[PDB]
K.L.:
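Structure provided below as structure tokens; questions to follow.
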Amino acid sequence: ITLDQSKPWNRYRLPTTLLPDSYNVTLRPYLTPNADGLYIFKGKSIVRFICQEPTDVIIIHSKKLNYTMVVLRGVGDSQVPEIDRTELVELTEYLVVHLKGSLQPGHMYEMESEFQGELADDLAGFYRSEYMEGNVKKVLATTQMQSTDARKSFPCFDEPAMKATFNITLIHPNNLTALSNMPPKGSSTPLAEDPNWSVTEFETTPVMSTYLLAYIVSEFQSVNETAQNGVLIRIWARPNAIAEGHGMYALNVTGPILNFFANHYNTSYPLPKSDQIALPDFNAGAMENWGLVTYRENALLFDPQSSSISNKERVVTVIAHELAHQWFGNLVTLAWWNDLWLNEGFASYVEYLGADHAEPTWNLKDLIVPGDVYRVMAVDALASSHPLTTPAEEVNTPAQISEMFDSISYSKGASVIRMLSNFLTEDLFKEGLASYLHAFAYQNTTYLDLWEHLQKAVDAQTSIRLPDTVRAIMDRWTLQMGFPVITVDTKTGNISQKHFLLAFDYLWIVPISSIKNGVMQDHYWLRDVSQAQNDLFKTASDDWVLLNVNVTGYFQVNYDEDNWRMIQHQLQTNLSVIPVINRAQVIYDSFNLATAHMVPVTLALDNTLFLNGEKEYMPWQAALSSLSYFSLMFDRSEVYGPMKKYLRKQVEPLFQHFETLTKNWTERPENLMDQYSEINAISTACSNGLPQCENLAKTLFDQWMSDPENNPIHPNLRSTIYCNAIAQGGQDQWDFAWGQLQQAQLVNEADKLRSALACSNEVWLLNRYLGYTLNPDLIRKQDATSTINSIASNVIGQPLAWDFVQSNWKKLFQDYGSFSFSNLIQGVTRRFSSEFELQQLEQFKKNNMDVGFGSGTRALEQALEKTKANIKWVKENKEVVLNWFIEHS
Ligand SMILES: *[C@@H]1O[C@H](CO)[C@@H](O)[C@H](O)[C@H]1NC(C)=O
Ligand SMILES: *[C@@H]1O[C@H](CO)[C@@H](O)[C@H](O)[C@H]1NC(C)=O
Ligand SMILES: *[C@@H]1O[C@H](CO)[C@@H](O)[C@H](O)[C@H]1NC(C)=O
Ligand SMILES: *[C@@H]1O[C@H](CO)[C@@H](O)[C@H](O)[C@H]1NC(C)=O
Ligand SMILES: *[C@@H]1O[C@H](CO)[C@@H](O)[C@H](O)[C@H]1NC(C)=O
Ligand SMILES: *[C@@H]1O[C@H](CO)[C@@H](O)[C@H](O)[C@H]1NC(C)=O
Ligand SMILES: *[C@@H]1O[C@H](CO)[C@@H](O)[C@H](O)[C@H]1NC(C)=O
Ligand SMILES: *[C@@H]1O[C@H](CO)[C@@H](O)[C@H](O)[C@H]1NC(C)=O
Ligand SMILES: *[C@@H]1O[C@H](CO)[C@@H](O)[C@H](O)[C@H]1NC(C)=O
Ligand SMILES: [Zn+2]
């Protein structure tokens, strides 16, 4: 359905003729439904804007708002044109006011409107969340504006670069607390018409993007602390959660992290307070609204009793991430969404800095490697991938904007920034960044503003030298999709680079670390050249070399056979000579190379042989997610049996190691890494049928059922023990776990049960479960997508979920963009390896082509591309893979 752009109201980007100065917004949520089912809110809003250039039309964003139509006033006296007519243009989400005369440049105007909207179970705009306290049902009102939902709350020019000051008022019941970005201005006052309602006015915001606005009406309480910089910190949640002390851990790390960031970047946090609030219904993990940060309960709340170590790492990490946005993205904002990584890439990298400071003994910084680097490479190796910075004119529609919210902007951004930091030295990097923040505070930026400030810092200094300007290096990482594979011929010292695939010509300037028989060598820079030679990369005799120590650069390395064998021999002899992270890398890169058909698949499998004597977290993690792909390809085939037998063989000694160290699973390992390694160990043993593990799970889960009130199972072990107990059992185990889920007060516990229920081997149980997935009384809309994905991951659940998604698609499309919908498509299609399944996917697309795929559109394309690649890969490799596992088991 095309629009003719001759009309500016048919265009997706706002005109540049009018700029907002400030807003007054008054909102009134009605927390009881009217006389059918409907919860609504009422609003009144006034925008003050300046006319930059003459125009006879006023165009602002408005979505799903009903008007009760508008009033235009000149500031003081500028005479003002009369209003001719006023219309809503739905597709493009505009309220359009046609004038009988033109506004004049330099003049200011105020436009006033009253409206009404649904407080939907939407999770977008102004919406309702619900929960239980005792036997009473509670409703609260909350916001999610990013990326373009502000317009769903009140009329505004809803684009990130048009920054304004906001004066917010909330009209709410006497006994409910009203929160916003700023603290309250003075006291609440009774509503004139109805003294049971109160009017709460908030202090003016600093100059700010609309997508950062937040307002909340609830019965929540807080615990509070002042941070070292004088900023007031509060943690808000459900009264029972606060009282049970679930907000304490968040209170411990928040101020310290906020203060760390202010010092590290030499930029003070400008607001008087920063509120953190845990919401029962929320779409993403967390949202960075300036002064009031919103989280899912599982990203904020922590119970040291029933919460996992993973849950705990998730809390500091999400908090750090959200605080980082106070600087990157709030104080300084991207000019437009094609640049999303200037916000998200930065927060994704600095989250690790912040989290490391709050938890210095964890060694978090390493998690960025499996957690960001190798996660995104799988996707960034597609021809359908996109560069960090896409061209502005290619991002227009709301769905295209939501699509920018993918792993490229987050994880590749973080990766590439970690590389930049590493070759600059964070000390130098942070100076450049402080200069960029101070220069651009309360304004917007493009990637070019970033480089120029980094360049300035480099220029002012001597010790660090670059082969080129920061821009020449970074433009190649920023403006072209993908990453190079770097190939080393170890006999001659030839080194080359090639775009890794399943205007700069796909050449990068690549910083290269190396290690020779375990000792550091001089750093090296590969310029943008397809090949070069250096004696750093030449080995003699039995020596070996490894490139990209600690996987600091974003790229993968392939060697000649003989070096590979040397590495392998080293892993058998003393694996400690190789840095633990690079041990993981030899695995990730092996498998990725085998996947892309650039090395025989037996190389990857052979690199798996030493895991025999590996107790460290990361190399196992590398194997697990690498083989995860084989699992997706082969778990329906004859490869599967031998493959499981092999993993049992490899995993067993690690499992025994932990049994002993852990004293019959009574004591938990000391450090985080080792705890992670124990969790992977048990998980792998059970998934693969280690009898000792399956016995453990059955015994423990059985003990739990006979005494529901005391759960015998340590939280770290729960995901694995629940899953396997349910897998081995039947309706009794399932109904028990379901009863636990329905009454569960801790979200972490609920999440573990939700995934475990998806492990049943009975088709009828899984299909019934899918049914529950669409009932909001049973599964909250925010959990529906991940629940369906859990079921799809079950090999027996695969066809159930695929059929369910196809037949429920219309329904699923209206409700459940922002990242879940795309995850649904990706999750159900991961296994398609055959032409028949490919045709199936094509048919699905064709059948639904009318009502589109929305924010999942690009996900569907990548699903198709990958499927095609799987078919070719699976036919080529299955004989070899099968034979290999047979021999080695
Ligand atoms: C909001 O409040 C500030 C401070 O009182 C004021 O200067 C600004 O003009 C107000 N915005 C309006 C009235 O749109
Ligand atoms: C916005 O709010 C402030 C506080 O009530 C007020 O001073 C100002 O007049 C309002 N702006 C209008 C009515 O345009
Ligand atoms: C918006 O108006 C439409 C049609 O007039 C109506 O269906 C809906 O109830 C309204 N939403 C409100 C009043 O919140
Ligand atoms: C607020 O008042 C309402 C209506 O009586 C009540 O349902 C709710 O429990 C109250 N919340 C409080 C007192 O925190
Ligand atoms: C919160 O901080 C206090 C002081 O360090 C501590 O007693 C408590 O263990 C912390 N809660 C955690 C780490 O979950
Ligand atoms: C710190 O920021 C101040 C300006 O607020 C500036 O004077 C100084 O150069 C900055 N120093 C560093 C090391 O970033
Ligand atoms: C975006 O930022 C630039 C400075 O980088 C500023 O001059 C411009 O006014 C900003 N755009 C808007 C709409 O404010
Ligand atoms: C690589 O990482 C380890 C920790 O995993 C660290 O101790 C070592 O110093 C790092 N090596 C380099 C060259 O940064
Ligand atoms: C393994 O190599 C490391 C040095 O990387 C050394 O500390 C250790 O002693 C070696 N182990 C043996 C058995 O030689
Ligand atoms: Zn973010």
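Index from 1, following the sequence. All ligand and atom numbering here is 1-based and tracks the order in the structure. We use all heavy atoms of the structure for the numbers below, so side chains are in, but hydrogens, waters and symmetry mates are not.
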K.L.:
Kindly give the heavy-atom pair with the smallest separation between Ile495 and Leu526, and that separation in Å.
P.N.:
CG2-CD1, 4.1 Å
K.L.:
Considering only NZ, NE, NH1 and NH2 on the basic side and carboxylate oxygens on the acidic side, decide whether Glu112 and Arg73 come within less than 4.0 Å.
P.N.:
yes
K.L.:
Which ligand 9 atoms, with their elements, are less than 4.0 angstrom from a heavy-atom of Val577?
P.N.:
2 (O), 5 (O)
K.L.:
Report the relative orientation of the aromatic rings in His357 and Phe260; use parallel for angles under 30°, tilted for 30 to 60°, perpendicular for over 60°.
P.N.:
tilted
K.L.:
Less than 6.0 angstrom separating the ring centers of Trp477 and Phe483, yes or no?
P.N.:
no
K.L.:
For residues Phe202 and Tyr215, establish whether the separation of their ring centroids is below 6.0 Å.
P.N.:
no
K.L.:
Please determine if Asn167 has a nitrogen or oxygen closer than 3.5 Å to a nitrogen or oxygen of ligand 2.
P.N.:
no
K.L.:
For ligand 8, would you mind listing the residues that have at least one heavy atom less than 4.0 Å away, ordered by chain and number?
P.N.:
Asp366, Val549, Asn550
K.L.:
By the definition salt bridge (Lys or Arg N to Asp or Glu O under 4.0 Å), identify the one residue from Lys152, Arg151, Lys63 that meets it with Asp158.
P.N.:
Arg151
K.L.:
So with a 6.0 Å cut-off around CZ of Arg375, is the heavy-atom count from everything else above 12?
P.N.:
no
K.L.:
Using a 4.0 Å cut-off to any heavy atom of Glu110, which atoms of ligand 2 qualify?
P.N.:
14 (O)
K.L.:
Check contact between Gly518 and ligand 9, using heavy atoms of the residue and a distance below 4.0 angstrom.
P.N.:
no
K.L.:
Under 4.0 Å from a heavy atom of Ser576: give me the atoms of ligand 9 that qualify, with their elements.
P.N.:
5 (O)
K.L.:
Could you tell me whether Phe157 and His61 have their ring centroids closer than 6.0 angstrom?
P.N.:
no
